[PDB]
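*Asks:* I am attaching a structure below and will ask some questions about it afterwards.
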Amino acid sequence: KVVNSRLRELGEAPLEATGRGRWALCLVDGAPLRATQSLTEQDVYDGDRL
Amino acid sequence: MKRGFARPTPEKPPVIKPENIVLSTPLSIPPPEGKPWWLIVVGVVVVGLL
Numbered sequence: 052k053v054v055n056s057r058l059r060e061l062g063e064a065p066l067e068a069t070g071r072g073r074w075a076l077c078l079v080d081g082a083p084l085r086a087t088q089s090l091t092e093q094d095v096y097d098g099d100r101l
Numbered sequence: 001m002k003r004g005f006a007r008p009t010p011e012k013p014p015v016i017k018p019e020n021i022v023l024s025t026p027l028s029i030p031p032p033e034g035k036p037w038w039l040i041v042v043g044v045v046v047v048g049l050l
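Residue numbers (the entry's author numbering), protein chains in the order written: chain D7, 52 to 101; chain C1, 1 to 50.
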C-alpha cells in the first residue's frame, strides 16, 4: 500500500497483476522469503535489496 | 541492524627504499692542437720540382 502510494507521488502506476496467486517479497533470483519468520532470523540487514 | 566487525592487527605495507645517486661529470673538449700544414705543402713542391 505505501509502495503504491509512493509510486503515485512519483507519478508511476501502482503494482498490479492478474491470475491466481499472491504478493510477496523475493530475492534477485526470484526465490521468495519466509512468511512466518522475523527479518532478524533471516539473513537480512541494513542496505539489502528485495 | 548491522553485522558486527572486529578490526585485526594491520598487515605489513610494502616498505619504501630511498637512494642517494651521484651523477657522472661531462667530458672535456680537446684543446686545439695544430699541424704545420704549410711546411709539408712546400715540401711536396720542392721534391716535385727537383
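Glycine included, each C-beta is placed from N, C-alpha and C at the ideal position.
1) Closer than 8 Å, CB to CB, is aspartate 97 (chain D7) near chain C1 or not?
2) In chain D7, what lies closer than 7 Å to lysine 2 (chain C1) by C-beta?
3) May I ask which residues mark the beginning and end of the alpha helix (DSSP H) holding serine 56 (chain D7)?
4) By DSSP's criteria, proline 83 (chain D7) is part of a beta bridge. Which residues make up the other side?
5) I'd like to know whether the C-beta atoms of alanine 75 (chain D7) and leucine 66 (chain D7) end up nearer to each other than 8 Å.
*Replies:* According to the structure shown:
1) yes
2) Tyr96 and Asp97
3) 53 to 61
4) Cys77 (chain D7)
5) no
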